[PDB]
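Only one structure is covered here, and it is reproduced in the block below.
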Amino acid sequence: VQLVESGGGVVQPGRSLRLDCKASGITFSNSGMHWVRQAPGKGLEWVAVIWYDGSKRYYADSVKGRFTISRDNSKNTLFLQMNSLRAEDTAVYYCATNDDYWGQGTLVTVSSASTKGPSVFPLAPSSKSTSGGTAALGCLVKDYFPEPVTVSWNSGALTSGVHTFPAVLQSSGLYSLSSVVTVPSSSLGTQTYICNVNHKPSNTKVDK
Amino acid sequence: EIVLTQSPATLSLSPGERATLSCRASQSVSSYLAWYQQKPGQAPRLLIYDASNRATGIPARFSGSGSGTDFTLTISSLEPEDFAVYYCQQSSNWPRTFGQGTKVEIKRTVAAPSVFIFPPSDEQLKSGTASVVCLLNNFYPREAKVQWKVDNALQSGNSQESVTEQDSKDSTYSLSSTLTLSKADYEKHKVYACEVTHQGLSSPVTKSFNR
């Protein structure tokens, strides 16, 4: 059972956007479907529902006359067609079956401001000769807009000991964060460590 | 619409403790009330439906009770992995409505930070700015004091902090402090130090580097 969403991205206010949710492993034609959204740092809010056969739809007041929920049962796909977007509409949008299988979410960011890709800088200790058996490495991801950036290490082969900090908003109006990882000092010189930085809004991918 | 009020807003308990979360509806929703768990960076997950039925694959320590306007979600013995925000949702009528959530935080024992300091790199300094980073790793509680010293001169207004969410396995936090200065000011000085005080330390810990 899988619900896979797509369609999210950065969009300027006033514009339209269509979100898709494709289902696998369920009798989709027999399931009611919902959209639910969640602003950053906030709670869950129901957006709309559509009956299994498409014959009935209901909406949250704040999207009536503006959003349309629909489905293509022959493609096992649920749609949300949005119009006249505002900052208010910035959220992760989830699809959910009526019996509560949920998709992974897709982020919609509504912003007039120009997007900017990050500068990426290594964080390494000042030598190689640590004072202990554990070392920390990292990358500074600096001056980007808008959120988010995602970071992996060694293409996701390195996960244990990884901490990626919540972004901080600068006086610049831009964002900065860092990602760090702790590793054995003995591996310094043996093992290559690469951070994989991804900032989809500016089509930027960097690997220091 | 049917208003759902959850309490308390935040609940902070040790692993093994019993946790009791409340949801109150402004009018009867009969038993059309579900509970969800949402861990950091994840979609919500159904725990309990129809007030008291455990969903598929949900551990036995989760249970629910109530009908009409008063509802309870119980975690009979809390685990570190239960760090999450918990929501109730009514499906008695339209629009569907959610409570505002209860954040369940894990009260573990005191753990001192491992501290690391990073000089500004190569490239960054080509642009006219210097960022020196102090890392405090895997500690508890969240409160920590970080002081920057350049030549034993305490710094102010030139640093920003960021703190992770509680770790799902060990319930600790990590924190970064970034001192940001102009490249040309990062050479009027030699000694850069981060000094840390925390409940887990018996004495302040200082990490430093020269030039």
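Going down the list, the protein sequences come from chains H and L. Residue numbering for the first sequence follows the deposited numbering, starting at 2 and increasing by one per position. Residue numbering for the second sequence follows the deposited numbering, starting at 1 and increasing by one per position. Even for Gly, the Cβ is constructed at its ideal location relative to N, Cα and C.
State the DSSP-derived secondary structure class of residue i, mapped to helix, strand or coil.
i	result
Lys43 of chain H	coil
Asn137 of chain L	strand
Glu17 of chain L	coil
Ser63 of chain L	strand
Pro80 of chain L	helix
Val12 of chain H	strand
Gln124 of chain L	helix
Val191 of chain L	strand
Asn31 of chain H	helix
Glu165 of chain L	coil
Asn93 of chain L	coil
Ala88 of chain H	helix
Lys207 of chain L	strand
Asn158 of chain L	coil
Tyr102 of chain H	coil
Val64 of chain H	helix
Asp170 of chain L	coil
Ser52 of chain L	coil
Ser7 of chain H	strand
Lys103 of chain L	strand
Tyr36 of chain L	strand
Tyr94 of chain H	strand
Residue i to residue j, Cα distance in whole Å?
i	j	result
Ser113 of chain H	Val169 of chain H	20 Å
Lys207 of chain L	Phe118 of chain L	10 Å
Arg87 of chain H	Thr110 of chain H	9 Å
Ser65 of chain L	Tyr86 of chain L	15 Å
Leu135 of chain L	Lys143 of chain H	17 Å
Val150 of chain H	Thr91 of chain H	16 Å
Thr98 of chain H	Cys196 of chain H	36 Å
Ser56 of chain H	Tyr49 of chain L	26 Å
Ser186 of chain H	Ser127 of chain H	13 Å
residue 244 of chain L	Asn74 of chain H	The requested residue 244 of chain L does not occur in the structure, where chain L is confined to residues 1 to 211.
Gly66 of chain H	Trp148 of chain L	55 Å
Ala158 of chain H	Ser174 of chain L	21 Å
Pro40 of chain L	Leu46 of chain L	15 Å
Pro204 of chain L	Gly44 of chain H	39 Å
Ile58 of chain L	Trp103 of chain H	15 Å
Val146 of chain L	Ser115 of chain H	35 Å
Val12 of chain H	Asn210 of chain L	46 Å
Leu189 of chain H	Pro123 of chain H	15 Å
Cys140 of chain H	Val150 of chain L	23 Å
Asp170 of chain L	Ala84 of chain L	14 Å
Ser202 of chain L	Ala144 of chain L	13 Å
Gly157 of chain L	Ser130 of chain H	32 Å
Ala25 of chain L	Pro8 of chain L	15 Å
With distances taken from CA atoms, which of the options is nearest residue i?
i	options	result
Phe139 of chain L	L:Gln27, L:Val196, L:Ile48, L:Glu1	L:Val196
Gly118 of chain H	H:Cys96, H:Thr107, H:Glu148	H:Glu148
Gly162 of chain H	H:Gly44, H:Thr116, H:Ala136	H:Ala136
residue 210 of chain H	L:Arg24, L:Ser14, L:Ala84, L:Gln100	The structure shown has nothing for residue 210 of chain H, since chain H only spans 2 to 209.
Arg38 of chain H	L:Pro44, L:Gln37, L:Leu33	L:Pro44
residue 223 of chain L	L:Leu181, L:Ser67, L:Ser14, L:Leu46	Nothing can be reported for residue 223 of chain L, as the shown portion of chain L is limited to 1 through 211.
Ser25 of chain H	H:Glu46, H:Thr78, H:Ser71	H:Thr78
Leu154 of chain L	L:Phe209, L:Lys169, L:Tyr192, L:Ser162	L:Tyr192
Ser168 of chain L	L:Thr180, L:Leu78, L:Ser176	L:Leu78
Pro95 of chain L	L:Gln124, L:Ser31, L:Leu4, L:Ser202	L:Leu4
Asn84 of chain H	H:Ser177, H:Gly15, H:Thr107, H:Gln192	H:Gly15
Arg54 of chain L	L:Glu17, L:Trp35, L:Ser176	L:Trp35
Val121 of chain H	H:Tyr145, H:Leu18, H:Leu108	H:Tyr145
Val93 of chain H	H:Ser132, H:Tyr194, H:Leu108	H:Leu108
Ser30 of chain L	L:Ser52, L:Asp122, L:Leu13	L:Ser52
Would the beta-carbon of residue i fall within 9 Å of that of residue j?
i	j	result
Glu187 of chain L	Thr97 of chain L	no
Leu11 of chain L	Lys126 of chain L	no
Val198 of chain H	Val184 of chain H	no
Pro120 of chain L	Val132 of chain L	yes
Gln199 of chain L	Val115 of chain L	no
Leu20 of chain H	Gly33 of chain H	no
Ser159 of chain L	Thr178 of chain L	yes
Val64 of chain H	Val50 of chain H	no
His200 of chain H	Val181 of chain H	no
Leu33 of chain L	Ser92 of chain L	yes
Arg108 of chain L	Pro15 of chain L	yes
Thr180 of chain L	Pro167 of chain H	no
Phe80 of chain H	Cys22 of chain H	yes
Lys190 of chain L	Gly128 of chain L	no
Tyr95 of chain H	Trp36 of chain H	yes
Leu4 of chain H	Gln82 of chain H	no
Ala130 of chain L	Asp185 of chain L	yes
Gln166 of chain L	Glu105 of chain L	yes
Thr72 of chain L	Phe62 of chain L	no
Does the beta-carbon of residue i, which I'm using as the reference point, lie nearer than 8 Å to any heavy atom of the ligand PLP?
i	result
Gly33 of chain H	In terms of ligand content, the structure shown is empty, and the ligand PLP therefore cannot be addressed.
Compare the C-beta of residue i against all C-beta atoms of chain A and say whether one is closer than 9 Å.
i	result
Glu148 of chain H	No chain A appears in this structure, whose protein chains are H and L.
Quick check on the DSSP output: what are the complete beta strand (DSSP E) runs of length 3 or more inside the segment 126-202 of chain H, in order along the chain? 135-145, 151-154, 163-165, 176-185, 196-200
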